[PDB]
Structures are given as structure tokens and as C-alpha cells.
Amino acid sequence: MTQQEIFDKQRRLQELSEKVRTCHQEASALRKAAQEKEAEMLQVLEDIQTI
Amino acid sequence: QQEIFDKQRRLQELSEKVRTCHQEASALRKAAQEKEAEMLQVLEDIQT
Amino acid sequence: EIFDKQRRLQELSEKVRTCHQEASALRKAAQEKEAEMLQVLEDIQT
Amino acid sequence: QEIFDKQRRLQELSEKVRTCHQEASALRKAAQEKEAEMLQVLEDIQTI
């Protein structure tokens, strides 16, 4: 229960918070890519139906 | 024969099912984007 | 202070997990449904 | 005699759907791994 421990704990939170943010960016990008790819696939299906 | 036409109808229903899956997945992705954005703000709020 | 923020993060973390588990199940089902649609799409052209 | 071109298009597009399925699946699988990775880090925050 001291400032040293407080400073350490805060230092770790910031490092882990950064990690979490990175993971958020990557995951979001992957999800969007999946979305667009699915849309593409459906569009190719519609193209098969067209001819 | 009739079965081949029936297979085409089944293919259509399958495609529609896939479309449904895609829409639901879209909803879940948007929800995930919203939910993660709020907690990421809490982490940025922990800073400071 | 920091402990309170940990509890708030814990609240939202369980929400993200639930949304994650829900999406994971749909991902498996989406792949299978597409595979069947493809399997049908392959058999129709003999 | 447009059937030869149409049949070639049907085959090619079918293959394209098959590849888009594989690519989508891998991207979805990659997304799940990242979410799992994110959650594991969030567990570390609970540990302080």
C-alpha cells in the first residue's frame, strides 16, 4: 500500500492497456475484413445467379 | 429433371441462409466494436 | 482509485467475452452453412 | 453458342465462391484468436 507499489501498478496498467488497445485495433480490422469478404462472396453468388 | 430444378431451389434457400448468417455476424461485429470501444476508453481513463 | 477502475473494466470485460463467445459460435456455423451451400453448388454441376 | 462461355464463367465463379469461403473462414478464425488474445490480457489487468 505505497506510492512505489502505486507507481509500479500504474506502470503495468499502462503497458497492459497499450497491449489491449493494439489487440482492439487488430481484432476490429480482422472483423471488417471478414465482413467485406463475406459480402464479396455473396456478390459472386449473385453474379452466378445473373449468368 | 425436376430434381435438378429442385436442387437449384434448395441452393437458393441455402444462399439465403448464408446471407442471414452474414447479417447476424455483421450485427455481432458492430456490437463488438461498440462494446470494446467503451472499455478501451476506461483503460485510457485509467491513464491519468 | 485504480481498484475501482479494475472493477469497471471487469464489468465490461465480461460483456466483451459474452459477445465474443456469441460470435465464435456463429463463425463455426457460418463456415458449415457455407460448406453445405458449396457442397450443393458442386453436386449441381455433377 | 454462348453456353461454352457461360459454363466457363459458372465454373470460374464457383471456384471464386469456394476461395472466398476459405478466405472468410480464415479471417473469422484470425479475429477469434485476437479476441481471445485481448481477453487474456484483460485477465492480467485483474491480477494488477
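Throughout, read-outs are computed from the coordinates displayed, never taken from laboratory work. Every residue, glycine as well, gets a Cβ built from its backbone with ideal geometry; the counts of neighbours run over all protein chains shown.
Output the pairs from B:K7/D:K34; B:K30/C:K33; A:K32/C:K15; C:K15/D:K16 with a Cα-Cα distance over 32 Å in this structure; if there are none, say none.
Too far apart for the 32 Å limit: B:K7/D:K34; C:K15/D:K16.
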If you take the beta carbon distance between A:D47 and D:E33 as r and set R0 to 41 Å, what does 1/(1 + (r/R0)^6) give as a FRET efficiency, to the nearest 0.05? 0.85
As a check on your grasp of the helix formula, calculate [θ] at 222 nm for chain A: sum -39500 (n - 2.57) over DSSP H runs of n ≥ 4, divide by the residue count, round to the nearest 500. -35000 deg cm²/dmol
Charges on Cβ only, +1 for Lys and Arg, -1 for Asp and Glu, centred on the Cα centroid of chain D; of D:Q22, D:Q46, D:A36, which one is farthest towards the dipole's positive end? D:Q22
Partners for D:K6 among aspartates and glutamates (Cα-Cα distance below 13 Å; same-chain residues under 8 apart left out): A:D47
